[PDB]
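File shown here: data.cif, holding mmCIF, C-alpha atoms.
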```
data_data
loop_
_atom_site.group_PDB
_atom_site.id
_atom_site.type_symbol
_atom_site.label_atom_id
_atom_site.label_comp_id
_atom_site.auth_asym_id
_atom_site.auth_seq_id
_atom_site.Cartn_x
_atom_site.Cartn_y
_atom_site.Cartn_z
ATOM 1 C CA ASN A 151 147.144 140.098 19.056
ATOM 2 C CA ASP A 152 148.506 142.404 21.761
ATOM 3 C CA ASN A 153 146.216 144.268 24.175
ATOM 4 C CA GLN A 154 143.235 141.997 23.503
ATOM 5 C CA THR A 155 142.223 141.427 27.101
ATOM 6 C CA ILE A 156 139.328 141.463 29.565
ATOM 7 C CA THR A 157 139.917 142.919 33.033
ATOM 8 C CA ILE A 158 138.720 141.157 36.195
ATOM 9 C CA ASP A 159 138.573 143.072 39.480
ATOM 10 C CA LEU A 160 139.384 141.802 42.975
ATOM 11 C CA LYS A 161 138.253 143.673 46.095
ATOM 12 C CA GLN A 162 139.873 142.953 49.454
ATOM 13 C CA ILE A 163 137.039 141.717 51.682
ATOM 14 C CA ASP A 164 137.675 141.542 55.429
ATOM 15 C CA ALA A 165 136.588 143.066 58.729
ATOM 16 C CA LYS A 166 138.612 146.257 58.247
ATOM 17 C CA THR A 167 137.408 146.913 54.685
ATOM 18 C CA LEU A 168 133.769 146.379 55.716
ATOM 19 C CA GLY A 169 133.505 148.490 58.877
ATOM 20 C CA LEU A 170 133.201 145.353 61.034
ATOM 21 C CA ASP A 171 136.321 146.130 63.095
ATOM 22 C CA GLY A 172 135.416 146.455 66.761
ATOM 23 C CA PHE A 173 131.827 145.230 66.349
ATOM 24 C CA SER A 174 130.628 144.666 69.916
ATOM 25 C CA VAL A 175 127.212 144.202 71.511
ATOM 26 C CA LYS A 176 128.388 144.370 75.137
ATOM 27 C CA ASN A 177 130.258 146.764 77.405
ATOM 28 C CA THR B 101 109.246 148.484 37.490
ATOM 29 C CA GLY B 102 108.430 150.484 40.606
ATOM 30 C CA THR B 103 109.014 147.576 42.986
ATOM 31 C CA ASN B 104 112.777 147.628 42.399
ATOM 32 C CA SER B 105 114.844 149.620 44.886
ATOM 33 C CA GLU B 106 117.810 151.845 44.049
ATOM 34 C CA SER B 107 120.448 149.222 44.906
ATOM 35 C CA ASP B 108 118.708 146.671 42.686
ATOM 36 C CA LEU B 109 118.614 149.266 39.907
ATOM 37 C CA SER B 110 122.333 149.859 40.468
ATOM 38 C CA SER B 111 123.031 146.131 40.108
ATOM 39 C CA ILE B 112 120.920 145.891 36.943
ATOM 40 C CA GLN B 113 122.682 148.936 35.494
ATOM 41 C CA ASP B 114 126.069 147.421 36.341
ATOM 42 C CA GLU B 115 125.196 144.223 34.488
ATOM 43 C CA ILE B 116 123.754 146.193 31.555
ATOM 44 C CA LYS B 117 126.848 148.381 31.206
ATOM 45 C CA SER B 118 129.033 145.278 31.460
ATOM 46 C CA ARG B 119 127.158 143.701 28.553
ATOM 47 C CA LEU B 120 127.288 146.913 26.499
ATOM 48 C CA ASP B 121 131.045 147.092 27.071
ATOM 49 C CA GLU B 122 131.166 143.450 25.974
ATOM 50 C CA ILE B 123 129.358 144.436 22.767
ATOM 51 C CA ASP B 124 131.824 147.265 22.161
ATOM 52 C CA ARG B 125 134.756 144.922 22.818
ATOM 53 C CA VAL B 126 133.428 142.302 20.395
ATOM 54 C CA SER B 127 132.938 145.026 17.786
ATOM 55 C CA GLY B 128 136.443 146.439 18.162
ATOM 56 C CA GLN B 129 138.497 143.267 18.561
ATOM 57 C CA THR B 130 136.940 141.097 15.839
ATOM 58 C CA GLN B 131 139.256 141.022 12.826
ATOM 59 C CA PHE B 132 139.615 138.790 9.761
ATOM 60 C CA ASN B 133 142.909 138.617 7.843
ATOM 61 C CA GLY B 134 143.965 141.980 9.244
ATOM 62 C CA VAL B 135 140.587 143.625 8.583
ATOM 63 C CA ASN B 136 138.382 145.002 11.371
ATOM 64 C CA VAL B 137 135.056 144.102 9.779
ATOM 65 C CA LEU B 138 132.700 145.522 12.433
ATOM 66 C CA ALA B 139 134.691 148.682 13.146
ATOM 67 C CA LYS B 140 134.296 150.947 10.090
ATOM 68 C CA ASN B 141 131.813 151.549 7.277
ATOM 69 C CA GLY B 142 133.168 150.241 4.000
ATOM 70 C CA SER B 143 132.692 147.943 1.041
ATOM 71 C CA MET B 144 134.263 144.646 -0.020
ATOM 72 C CA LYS B 145 134.773 143.714 -3.677
ATOM 73 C CA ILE B 146 135.057 140.055 -4.702
ATOM 74 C CA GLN B 147 136.403 139.288 -8.179
ATOM 75 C CA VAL B 148 133.994 136.629 -9.448
ATOM 76 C CA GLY B 149 134.860 136.849 -13.142
ATOM 77 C CA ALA B 150 137.627 136.306 -15.665
#
```
What do you get writing this file as C-alpha coordinates?
Amino acid sequence: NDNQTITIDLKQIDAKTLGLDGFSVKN
Amino acid sequence: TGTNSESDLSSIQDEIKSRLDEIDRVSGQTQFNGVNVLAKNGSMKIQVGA
(Lines of atoms letter the chains of each structure in order from A and count residues from 1; the text may use other names and numbers.)
(Lines give C-alpha, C1' and ligand atoms only; values in the text may rest on other atoms or scores of the structure.)
Protein backbone atom coordinates (compact mmCIF):
# COMPACT_ATOMS: atom_id res chain seq x y z
CA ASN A 1 0.00 0.00 0.00
CA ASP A 2 1.00 3.67 0.16
CA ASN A 3 3.47 4.99 2.75
CA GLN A 4 4.89 1.54 3.52
CA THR A 5 8.55 2.47 3.38
CA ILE A 6 11.89 2.25 5.19
CA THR A 7 14.13 5.33 5.24
CA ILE A 8 17.87 5.13 4.51
CA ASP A 9 20.13 8.04 5.44
CA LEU A 10 23.12 9.39 3.52
CA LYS A 11 25.69 11.68 5.16
CA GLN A 12 28.05 13.76 3.03
CA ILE A 13 31.54 12.58 3.97
CA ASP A 14 34.49 14.72 2.87
CA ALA A 15 37.30 16.88 4.23
CA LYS A 16 35.04 19.87 4.93
CA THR A 17 32.34 17.86 6.74
CA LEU A 18 34.97 16.13 8.92
CA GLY A 19 37.12 19.05 10.08
CA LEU A 20 40.03 17.86 7.91
CA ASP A 21 40.18 21.08 5.86
CA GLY A 22 43.58 22.71 6.23
CA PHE A 23 45.17 19.79 8.11
CA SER A 24 48.88 20.61 8.12
CA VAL A 25 51.86 19.33 10.09
CA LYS A 26 54.37 21.92 8.84
CA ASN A 27 54.75 25.69 8.75
CA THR B 1 29.57 -4.57 30.84
CA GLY B 2 31.96 -2.03 32.33
CA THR B 3 34.61 -2.49 29.64
CA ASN B 4 32.45 -0.79 27.00
CA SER B 5 33.05 2.92 26.46
CA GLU B 6 30.37 5.55 25.88
CA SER B 7 30.75 5.58 22.08
CA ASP B 8 30.40 1.79 21.97
CA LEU B 9 27.30 2.08 24.15
CA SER B 10 25.98 4.72 21.73
CA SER B 11 26.50 2.35 18.79
CA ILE B 12 24.81 -0.54 20.62
CA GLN B 13 21.89 1.72 21.55
CA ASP B 14 21.59 2.88 17.94
CA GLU B 15 21.38 -0.71 16.71
CA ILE B 16 18.92 -1.62 19.49
CA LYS B 17 16.61 1.31 18.72
CA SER B 18 16.82 0.46 15.02
CA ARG B 19 15.66 -3.08 15.75
CA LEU B 20 12.88 -1.88 18.07
CA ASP B 21 11.67 0.49 15.36
CA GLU B 22 11.80 -2.49 13.00
CA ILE B 23 9.57 -4.41 15.42
CA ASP B 24 7.12 -1.50 15.58
CA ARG B 25 7.12 -1.24 11.78
CA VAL B 26 6.44 -4.96 11.35
CA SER B 27 3.61 -4.69 13.88
CA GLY B 28 1.97 -1.71 12.19
CA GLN B 29 2.38 -2.60 8.52
CA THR B 30 1.42 -6.29 8.60
CA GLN B 31 -2.12 -6.68 7.27
CA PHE B 32 -4.19 -9.59 5.94
CA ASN B 33 -7.20 -8.97 3.68
CA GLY B 34 -7.50 -5.41 4.94
CA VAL B 35 -7.09 -6.39 8.61
CA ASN B 36 -4.18 -5.17 10.76
CA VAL B 37 -3.81 -8.33 12.82
CA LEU B 38 -0.97 -7.23 15.12
CA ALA B 39 -2.19 -3.67 15.67
CA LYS B 40 -5.30 -3.90 17.89
CA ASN B 41 -6.78 -6.23 20.50
CA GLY B 42 -9.75 -8.10 19.09
CA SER B 43 -11.35 -11.43 18.32
CA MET B 44 -11.93 -13.40 15.12
CA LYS B 45 -14.96 -15.65 14.63
CA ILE B 46 -14.84 -18.52 12.13
CA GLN B 47 -18.14 -20.13 11.11
CA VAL B 48 -17.36 -23.85 11.29
CA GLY B 49 -20.93 -25.14 11.31
CA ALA B 50 -24.11 -25.37 9.27
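Distances from B:146, B:109, B:116, B:126 to chain A were compared using all atoms listed in the file, and the smallest one belongs to B:126.
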Exercise for review: Apply the PyMOL selection byres ((chain A) within 10 of (chain B)) to the structure shown and report the selected residues as an NGL selection string.
Suggested key: :A and (151 or 153-156)
Check your understanding: CA of residue 127 in chain B and CA of residue 143 in chain B, how far apart in Å?
Key -> 17.0 Å
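Interatomic distance, CA of residue 137 in chain B to CA of residue 123 in chain B: 14.2 Å.
Pairwise distance (CA of residue 157 in chain A, CA of residue 121 in chain B) equals 11.5 Å.
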